[PDB]
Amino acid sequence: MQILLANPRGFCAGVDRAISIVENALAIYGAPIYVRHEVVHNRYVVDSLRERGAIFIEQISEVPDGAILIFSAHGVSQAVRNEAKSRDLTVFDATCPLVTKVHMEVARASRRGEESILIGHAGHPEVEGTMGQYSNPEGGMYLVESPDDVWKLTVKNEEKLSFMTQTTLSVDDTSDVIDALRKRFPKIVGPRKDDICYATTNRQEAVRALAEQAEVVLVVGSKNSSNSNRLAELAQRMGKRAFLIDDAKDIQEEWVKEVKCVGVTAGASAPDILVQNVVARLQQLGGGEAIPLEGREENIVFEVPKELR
């Protein structure tokens, strides 16, 4: 059985920064360090950090006065940041710079009292945080997930309307939502294409190339990671069996019995050691040396804040 590796796969710049922010806070201040939400949606990263003294919370009312709190890579609403800001908390912000870019646009629209539409998945922490930058009652902030959501939306003033997106969506499905937005609201203003980040776009391009060669695709990533779910979905729509797995123990022998070419990729939040262990298991199941596909080069790094060097 041949094993192919997607390229790029695995950690993006935002995830490497966010994990380093927690690790470095632990090293400088000691345990406990509180983190608002899983720093990234990866069960191995979050358990690793817990075992070193990070405490993951959903609400600020879970954090003691005077504590160090880090916001996760997904970002937080103004209400959350003010709830921390009003309390005693030393805050470090691990929000990805590519989410912060979107938040600055929503904040600009709110200050103008002009309505904004976000494309994104309801209940996702990044959507909470981005919707949560809009505060002006004179405008409005609306969420859409699909063309049908666009077809039913009504707004106060469609001559003064803009759109933003979540960073970890399907490039293809998002393109269809944007086409519906522009047909419904021909004066709508937005980015050239979407706010989907380089890492999401590149891993989807890479898994497409992988799925063109591989009969089965394994995506290393956790169930609650949107970008990792998009990679599995994309291979499945190409007609390949694709499985989202947290680690090598999840691999069922039937999925690769008789398969001549298995492909492996990993979401932006999944560490490379997980992929190495998956490759080791596929080898026990008859695979050979893993062959990385040629891929688009990535060269972006985001540094930790100077406070945490």
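Take the two forms, superpose them, and find the largest set of C-alpha atoms that agree within 1.5 Å; that set is the rigid core. Sequential numbering from 1, following the sequence displayed.
Core-fitted comparison in 7 other deposited structures of this protein shows that, between 119-127 and 82-90, the CA atoms farther from the shown form belong to 82-90. Comparing 57-65 with 268-276 by root mean square Cα distance to the shown form in 7 other deposited structures of this protein, with the rigid core used for the fit, gives 57-65 as the more displaced stretch. The mean C-alpha temperature factor is higher for 145-153 when 228-236 and 145-153 are set side by side. Note on 134-142 vs 80-88: mean CA B-factor is higher in 80-88. Considering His103, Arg112, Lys223, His124 together, the PDB entry gives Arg112 the largest C-alpha B factor. Annotation for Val189, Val99, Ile119, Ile196: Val189 ranks highest, by Cα B-factor. Per the deposited record, the Cα B-factor of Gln213 falls in the highest third when ranked against the other modelled residues of its chain. In this PDB entry, the Cα temperature factor of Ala270 sits in the bottom third of its chain's modelled residues, the lowest group. Sort the chain's modelled residues by C-alpha temperature factor and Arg296 lands in the highest third, per the entry. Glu23: CA B factor lies in the middle third for its chain, per the PDB record. Annotation for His41: C-alpha temperature factor in the lowest third relative to the rest of the modelled chain, per the entry.
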